[PDB]
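Here's the structure we're looking at; comments come further down.
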Ligand SMILES: O=C(CN1C(=O)COc2ccc(Br)cc21)NC1(C(=O)O)CCC(F)(F)CC1
Ligand SMILES: O=C(CN1C(=O)COc2ccc(Br)cc21)NC1(C(=O)O)CCC(F)(F)CC1
Ligand SMILES: [Zn+2]
């Protein structure tokens with residue numbers, strides 16, 4: 001019997017209203033069974049119900065009509081289309097239009113051994129015992145692996161969840177537990193309250209032995225953090241941050257959080273950083289748990305931002321959801337942007353607003369390639385949908401919202417988002433709904449369509465002739481018509497007021513009131529565009545940075561460093577002039593411009609490390625250390641100062657030690673010797689630990705001692721610092737061991753494998769082993785992480801994007817084209833090919849220039 005539906009999307013005429021999900025998971029055999037009851041209505045006569053199901057064995061399906069006295073049941077015939085992840089249920093007579101029916105499906109499955117669906121997670125107690133738990137991760141299309149459903153985000157429905165479990169386990173889900181009932185064969189059935197109307201991807205449930213801590217918000221919401229018993233003592237920071245952030249968002253949006261409780265659970269095995277399931281947000285332990293003695297300043301910032309992101313989603317994603325995955329940025333760009341809006345207010349000590357522009361420069365790297373896609377773009381299958389979870393949806397999405405907020409003003413933008421959330425509460429939206437809301441408070445639709453429907457971003461060229469300022473825009477591309485409505489901003493030598501000019505055409509002109517010594521566009525890097533200055537423009541800004549660098553903000557200095565190097569890539573500025581500009585960094589003190597200098601200069605030597613260029617590579621590395629030597633020398637070996645001072649310290653000390661700067665290497669060797677002689681008991685300053693461990697792991701004894709401490713650590717920062725240090729070994733047998741062991745998941749968890757593969761891919765001696773490992777183990781890696789996932793995209797780019805020869809380009813093209821349906825069409829593959837093509841052209845043009853410049857410098 002042919003399958004009666006030929007489309008990836010489900011029919012639009014059968015709609016669910018409510019699901020009753022009963023799940024029994026047997027953690028001793030990894031089998032689960034369920035009964036799903038879904039109340040539906042049909043708007044056109046049909047005898048066939050199509051819905052999603054993947055890897056579930058259906059034992060029986062029946063169609064009910066009526067209740068009690070008038071109940072009628074009809075058996076349904078079940079058909080399956082595994083490639084479309086669908087099942088068809090066939091009734092013996094047509095459904096009556098507009099009348100309620102209940103589909104009842106009994107099925108079984110096996111707990112997934114991936115990080116998606118209803119999956120197995122494990123950990124070892126500090127006493128050595130292996131513990132098994134089961135958790136869910138459904139976004140985007142994995143709810144269908146746990147229960148048959150209409151698994152598209154616009155089919156919203158309420159869910160009543162019941163979990164049968166052993167008495168030794170605890171079950172939690174989206175809503176509060178209302179009753180526990182003893183049932184047959186020594187089990188307990190927990191009943192959770194009904195959810196509000198929501199998408200299938202947000203259903204969650206966890207069966208575990210977690211401990212918890214709680215705190216109540218001013219609005220009466222019970223917030224709890226859940227974690228393994230040996231780590232609940234690290235939950236207080238996130239619990240306090242979650243309460244403060246939930247209160248912030250309730251007040252900011254003028255829309256209360258609608259559920260009685262909000263849980264934050266730290267899962268021992270988790271693929272992404274975290275997930276926003278309504279009422280039960282989930283996290284990697286590293287993204288939630290803070291150890292006041294061992295956690296880094298960057299991890300404290302990361303936890304605060306991750307909790308802020310997941311809580312923003314309770315409104316931007318859960319309450320209002322995109323209609324389809326083509327508009328995922330409506331959830332992700334907004335959640336990413338709201339991390340900055342909220343934490344800027346709640347945790348002013350972190351100064352996060354200072355770091356926002358760095359995410360925009362991240363998105364520009366990828367968005368400058370021909371393989372970039374517009375923010376809103378069509379997707380159909382699960383691998384294509386997973387690809388939407390990328391720097392374009394998150395970082396470009398947040399950056400264009402920041403640009404729009406600065407353009408409209410914060411209060412008008414806030415009014416627009418409140419109207420949007422109120423109007424579309426418990427419903428789904430598309431781009432046009434957001435523009436209509438923003439305009440209900442001036443032009444938003446035409447402008448924002450240029451930023452969401454075209455890939456890339458413009459280069460703005462400025463030409464100054466006395467008072468006359470000529471502006472032009474063109475599409476910036478590495479390696480056609482494009483036009484944007486660009487909300488330009490500028491300051492000058494005579495005015496530090498941020499002046500505004502909306503450029504909606506290819507060119508325009510403005511007249512300054514009086515002549516100026518310099519002009520600087522894109523103030524604070526709040527716009528998603530780059531700027532080139534004709535004539536003496538770059539010499540003037542180079543002179544400004546060299547003589548009076550504090551004449552512009554720290555973020556404006558970072559923007560000039562980034563844009564000068566981006567202009568070398570397209571031939572608008574010579575590499576010598578960009579390197580001459582970078583010389584001002586000898587007197588720079590602020591984290592953002594220092595880090596931006598590293599971001600531009602470090603990749604040049606990473607390319608050289610994989611080429612026959614030792615002489616220039618050594619000279620370039622020596623030039624970098626000479627440039628930052630005074631700042632390196634001023635660093636104290638302590639945890640003193642602000643979060644920015646701590647992050648700057650840690651990065652500089654690590655960089656100096658990696659480059660064999662003897663004053664730092666000798667200090668690190670002394671701390672490692674003392675720490676090792678104390679049997680790893682010694683509390684080292686967290687901010688010097690990366691440098692100390694990286695130096696210590698360069699001997700066989702130090703590497704072995706460091707790895708021996710890894711199994712006992714309960715600190716996510718300490719385990720990350722150890723992983724980084726072990727991956728810097730130049731012993732190829734130890735590097736292959738790290739890959740084999742993290743891939744296996746026993747001594748080092750598989751959730752760390754993408755990071756270890758990238759670190760080994762960046763190791764100056766081990767880099768061929770990472771690309772080799774990826775090729776050899778491709779099928780198993782895709783099975784574990786999924787085609788289209790950000791984890792697979794990070795492994796592809798991490799192992800290949802620093803290649804710069806035609807032989808390496810053909811390895812990449814040849815390997816991925818050979819995969820056919822199992823990866824040849826991945827967007828990350830096209831991105832790494834275009835990146836390697838750019839690296840080939842850039843090194844051919846600039847290598848000799850850099851060699852000559854270094855000999856003169
Ligand atoms: O180079 C890298 C990793 N990395 C890239 O691969 C590509 O571009 C980058 C830009 C900025 C920064 Br910070 C790091 C990178 N890390 C180090 C290295 O030389 O491999 C150098 C820095 C260290 F010293 F802090 C760690 C090691
Ligand atoms: O390398 C990374 C980031 N990173 C990965 O990319 C892959 O997985 C990891 C595992 C452990 C640690 Br610690 C870092 C990473 N960061 C730095 C760098 O880019 O070289 C710059 C910041 C730094 F100084 F804190 C560590 C090194
Ligand atoms: Zn998100």
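Throughout, read-outs are computed from the coordinates displayed, never taken from laboratory work. Cβ sites come from the backbone with ideal geometry, for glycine too, and all protein chains shown count toward neighbours.
When the Cα atoms of the chain are enclosed in a convex hull and the volume is divided per residue, what value in Å³ results? Could the numbers behind the result be given before it?
Numbers: hull volume 144.4 nm³, N = 857.
Given the Cα convex hull of the chain, per-residue volume reads 169 Å³.
Just need the relative contact order of segment 314-355 here, percent rounded to a whole number, with Cα pairs under 8 Å and 6+ apart. Let's see the in-between values first.
Values: 21 pairs, mean separation 11.5, N = 42.
Computed value for segment 314-355: 27 percent relative contact order.
Go ahead and estimate [θ] at 222 nm for the chain from helices alone: -39,500 (n - 2.57) per DSSP H run with n ≥ 4, summed, over the residue count, rounded to 500. Each step should come with its number before you reach the end.
Values: 26 runs with 347 residues, N = 857.
Rounded to the nearest 500, it is -13000 deg cm²/dmol.
Just to confirm my numbers, what's the Cα centroid distance between segment 8-39 and segment 61-111 in Å?
12 Å
What order, most packed first, do the peptides 342-355, 130-143 have when packing is the mean number of other Cβ atoms within 10 Å of each residue?
130-143, 342-355
At what distance in nm do the modelled label points of residue 93 and residue 122 sit from each other, each positioned 7 Å from its Cα along Cα→Cβ?
Going by the 7 Å Cα→Cβ label model, 5.3 nm.
For the residue pair residue 709 and residue 194, what label-to-label distance in nm results when each label sits 7 Å from Cα along the Cα-to-beta-carbon direction?
It is 5.5 nm.
For a paramagnetic label modelled at 7 Å from the Cα of residue 323 toward its Cβ, which residues of segment 1-40 fall within the zone defined by backbone nitrogen distances under 14 Å?
12
With a/c under 1.5 counting as rounded, go ahead and sort segment 446-531 into rounded, prolate or oblate using the C-alpha gyration tensor (a ≥ b ≥ c being the square roots of the eigenvalues; past the cut-off, prolate if a/b is larger than b/c, else oblate). Write down the numbers at each step before the final one.
Details: a/c = 2.09, a/b = 1.85, b/c = 1.13.
In terms of gyration-tensor shape, prolate.
Students often check this: by mean Cβ neighbours within 10 Å, which of 592-602, 68-78, 206-216 ranks highest, and how do the rest follow?
Numbers: 592-602: 20.5, 68-78: 11.5, 206-216: 18.1.
Peptide ranking by packing, descending: 592-602, 206-216, 68-78.
Which of rounded, prolate, oblate describes segment 25-100, given a ≥ b ≥ c as roots of the alpha-carbon gyration tensor eigenvalues and a/c under 1.5 marking rounded, otherwise prolate only if a/b is larger than b/c? Working shown, then result.
On the way: a/c = 2.56, a/b = 1.51, b/c = 1.70.
Verdict is oblate for segment 25-100.
How would you classify segment 660-729 from its alpha-carbon gyration tensor, with a ≥ b ≥ c the square roots of the eigenvalues: rounded for a/c under 1.5, else prolate if a/b is greater than b/c, otherwise oblate?
Working: a/c = 1.44, a/b = 1.34, b/c = 1.08.
Verdict is rounded for segment 660-729.
Could you give the distance between the Cα centres of segment 822-852 and segment 242-261, to the whole Å?
46 Å
Among bridges DSSP assigns within the chain, what percent are antiparallel (round to 5)? Write out the running numbers ahead of the final one.
Details: 98 of 124 bridges.
Bridges in the chain are about 80 percent antiparallel.
Relative contact order of segment 731-857: what whole-number percent is it, with Cα pairs under 8 angstrom and at least 6 residues apart? Don't jump to the answer; show the numbers that get you there.
Working: 113 pairs, mean separation 24.4, N = 127.
19 percent.
Cα centroids of segment 395-464 and segment 486-552: how far apart, whole angstrom?
24 Å
Taking 0.36 nm per intervening residue step and subtracting the Cα-Cα distance, what contour gain separates residue 236 from residue 184 on full extension? Display every interim value, and only then the final one.
Details: separation 52, 0.36 × 52 = 18.72 nm, distance 3.86 nm.
So the chain would gain 14.9 nm between residue 236 and residue 184.
Based on the mean of other beta carbon atoms within 10 Å per residue, what is the order of 369-379, 28-38, most packed first? Intermediate results must be reported in sequence, preceding the final value.
Numbers: 369-379: 19.1, 28-38: 16.9.
By packing density, highest mean first, the sequence is 369-379, 28-38.
First obtain the Kirkwood hydrodynamic radius of segment 731-857 from its Cα pairs, then insert it into the Stokes-Einstein equation at 20 °C and 1.002 mPa s, and state the resulting D in µm² per second as a whole number. Please report the intermediate quantities before stating the final value.
Details: Rh = 15.5 Å.
D = 138 µm²/s.
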